[PDB]
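What follows is one chain in structure tokens, specifically the form deposited in one PDB entry.
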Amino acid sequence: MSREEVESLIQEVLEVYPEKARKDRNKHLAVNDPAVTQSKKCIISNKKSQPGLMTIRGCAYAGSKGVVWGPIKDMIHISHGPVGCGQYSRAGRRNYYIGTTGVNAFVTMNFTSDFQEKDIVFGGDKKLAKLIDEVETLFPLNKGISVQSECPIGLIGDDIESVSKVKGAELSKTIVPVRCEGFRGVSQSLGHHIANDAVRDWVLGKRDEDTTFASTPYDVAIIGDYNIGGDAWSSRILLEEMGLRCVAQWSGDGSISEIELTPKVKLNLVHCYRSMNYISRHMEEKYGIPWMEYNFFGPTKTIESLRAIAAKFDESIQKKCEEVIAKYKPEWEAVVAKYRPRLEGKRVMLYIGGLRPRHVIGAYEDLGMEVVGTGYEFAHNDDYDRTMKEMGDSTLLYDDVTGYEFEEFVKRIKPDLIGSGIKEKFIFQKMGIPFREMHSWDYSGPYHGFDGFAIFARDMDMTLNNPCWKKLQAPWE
């Protein structure tokens, strides 16, 4: 609202920084204009964070182990290095799966080499080899092993690639070395890229010569859905109701056989472009599989996505798509009728990772809500290119926002609701502003699809209109 006021706010917030930090952070804050298409000319992204400023960004290990590789349920992922990284990331992300944990699934376990001083001084390749033998003995039903490098692995002269090659050839097992040391890159995004490269080099092509899998013209793969709270399942049900056969989903509730089967599908459905565009483009080049982005957040986006996907196939799929839309119409209409009056007019600010800051705006607009500000930890300029046309005029955009910046922006804009991660939640609850976790769905969800939309609407209503927010001022003061 009131563009000139928003650039004024940007300048006033920036005044506190030293000159180098202020000059840097100025490039990462822009006022939105939906007409603008090339976001490079307004906002800058995917740059190093300013030291000492309390960024929200993670590291490459989080992007690779926490995001891409960890959800693969039937593999064992080794946190190679000291104890901290695997422990802080153990079961912190709700990438749901079906399995018998500790027997044939291992997502919520923490396998680590637990580096000690001697492993730092004399290297850890021999410890790695013994660890792999121990894994094979103690978890015989595992279907492969990944090695997720923490910072010291890259710093010291360890060579996990040769260990992985030798051991994998010795035990006839897929061992995937991942050089996702946390000092690499500037955020989780290079973690995504490194992980995708590991998938391509060590897993994706194992069945290039195998032609025993039976294929159909309706074979699809879901790429970049990590099944947070069951999101991927709630999307898969709609796709299969449309008459498609989902051969694989990457990587939530994913298995290594599904990854290896992906090169046999007819279309790749990319949910998170930011994290899986690398492998999607590779698959298009090497196997000729087309890919498309879709959005199952809220009924309007879901309907548009289903229609476009069905348009990629024959007339029978299109008829089935119209049947699915008709069948679900009363459910999301009832949700809208019940919850839109309680949320109409309310204003939201968001700050999330690489996809959801723009991807969820349609659902808020379906509940009659406005996104007056959004931003990303680690998005790239193409992400902002999509975001600007998604967002409205004179709205605030922030890339790699500092804690101080986001607090000041919120104190000025005064939105009715903030959606962000765990490190901002309690800050804004103390500030008396309703907050929804937009990474973990506040241990709720799923939000994808028609079934997810009802949960989304209920959650936003229950938090935004909660009576607690009216009691922060003691009656005597």
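Only residues modelled in both forms are compared. Take the two forms, find the largest set of C-alpha atoms that superpose within 1.5 Å, and that set is the rigid core. Position 1 is the first residue in the sequence shown; the rest follow in order.
The next section is about a form of this same protein that is not shown, the form deposited in another entry.
Residue displacement note: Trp69 has its CA displaced by under 2 Å between this form and the one not shown (rigid core superposed). After superposition on the rigid core, the Cα of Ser440 moves by 2 Å or more between this form and the one not shown. Cα of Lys65 to Cα of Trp441: at least 3 Å shorter in the other form than in the shown structure. Shown here is a form in which the CA atoms of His439 and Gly81 lie at least 3 Å closer together than they do in the other form.
Displacement of the C-alpha atoms by 2 Å or more across three or more consecutive residues between this form and the one not shown, following core superposition, is confined to the single run 434 to 442.
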